[PDB]
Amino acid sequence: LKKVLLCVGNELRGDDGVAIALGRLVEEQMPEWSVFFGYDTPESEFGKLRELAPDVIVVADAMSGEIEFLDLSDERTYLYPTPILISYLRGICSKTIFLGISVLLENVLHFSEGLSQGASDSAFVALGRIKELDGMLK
């Protein structure tokens, strides 16, 4: 069963690379998952995506202002950060799942490389949920 994790974010903007961090974790712990780093140009990954025809796409991102985890295959759910991205993915794949990792806005406003303890913890918590989703998929 083909499972993709598309990681979005900018590693030069602090905690805005949290989803890049998560990507590296899945890459290590979860070989059955193929991880695509889109960084800040996720669209650069559509080619590979069409070509691989995944069964499941999880798209992960920092969201500034906890973890949002939703199946955008559900229409009601779709209806109510990456809008044009997300609707493209739903077109490649029915099981498009969004995973939002909330970050502090003060932590994404600077040129800064690396995560805050909080965002770091958040990425491990997010790994947790990918693992939970993985189990459900069996």
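Sequential numbering from 1, following the sequence displayed.
- The deposited sequence places 4 to 9 unmodelled residues between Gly65 and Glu66.
- The segment from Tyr80 to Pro81 is interrupted, since 4 to 9 residues of the deposited sequence in that interval carry no coordinates.
- The maximum CA B-factor among the listed residues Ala60, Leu89, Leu70, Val103, taken from the PDB record, is found at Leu89.
- Per-chain ranking of the deposited C-alpha B factor places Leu25 in the highest third.
- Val56 sits in the middle third of its chain by CA B factor, as recorded in the PDB entry.
- In the PDB entry, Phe46 places in the highest third of its chain by CA B-factor.
- The deposited CA B-factor of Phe98 belongs to the lowest third of values across its chain.
- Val4 sits in the middle third of its chain by CA B factor, as recorded in the PDB entry.
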